[PDB]
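Peer 1:
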Amino acid sequence: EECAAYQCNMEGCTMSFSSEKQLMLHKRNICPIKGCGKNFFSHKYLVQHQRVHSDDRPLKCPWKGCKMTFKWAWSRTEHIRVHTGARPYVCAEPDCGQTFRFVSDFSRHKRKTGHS
Ligand SMILES: [Zn+2]
Ligand SMILES: [Zn+2]
Ligand SMILES: [Zn+2]
Ligand SMILES: [Zn+2]
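Under the deposited numbering, the sequence shown has 1352 at position 115, and the numbering climbs by one with no breaks.
Here it is as structure tokens:
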């Protein structure tokens, strides 16, 4: 529990450990995952790396029949548009008329072409 766990006091960190030993190793920027052993120059590099080990996708698609899962809410929201058929981003150029499901596709289109 909280009482027994050892919390990290680095700014922005939300990690905790089963022992003071593993907290001390964590403060030396050693990966928390068994068998990895990678060390990092800063605490920011460590936290970013740990995410690569995780296959956790907590957010389930709400569309009945769909078994897809997502790490981030924005990714899930973008995905749901596949089911609804929504194309929110419409090109403003006069003879284009092109639509896009994701903003990154719309941004890529505006960069690739010279469109408003
Ligand atoms: Zn930490
Ligand atoms: Zn690692
Ligand atoms: Zn879905
Ligand atoms: Zn366009």
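Here a beta-carbon is modelled for each residue, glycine too, at the ideal position from N, C-alpha and C.
Hey, could you find the ends of the alpha helix (DSSP H) residue 1263 is sitting in?
Peer 2: Element bounds for residue 1263: 1257-1264.
Peer 1: Distance check for residue 1306 and residue 1293, CA to CA, integer angstroms please.
Peer 2: Each residue's alpha carbon lies about 9 Å from the other.
Peer 1: Would you identify the three-state DSSP class for residue 1251, choosing helix, strand or coil?
Peer 2: DSSP places residue 1251 in coil when its eight states are reduced to three.
Peer 1: For the alpha helix (DSSP H) containing residue 1343, list its first residue and its last residue.
Peer 2: Here the alpha helix (DSSP H) through residue 1343 covers 1340-1349.
Peer 1: For residue 1310, collect the residues of the same chain with a Cβ closer than 7 Å to its Cβ; drop the 5 residues on either side in sequence, then sort them by chain order.
Peer 2: Excluding residues within five positions, the ones whose Cβ falls inside 7 Å are 1296.
Peer 1: Out of 1242, 1281, 1255 and 1341, which has the shortest C-alpha to C-alpha gap to residue 1248?
Peer 2: Among 1242, 1281, 1255 and 1341, the Cα nearest to that of residue 1248 is on 1281.
Peer 1: For ligand 1, is there any heavy atom lying closer than 7 Å to the beta carbon of residue 1250?
Peer 2: Yes.
Peer 1: With residue 1281 as the anchor, note down where its alpha helix (DSSP H) starts and where it stops.
Peer 2: Per DSSP, residue 1281 belongs to the alpha helix (DSSP H) from 1280-1290.
Peer 1: Run through DSSP, which three-state label would residue 1267 get?
Peer 2: Correct three-state label for residue 1267: strand.
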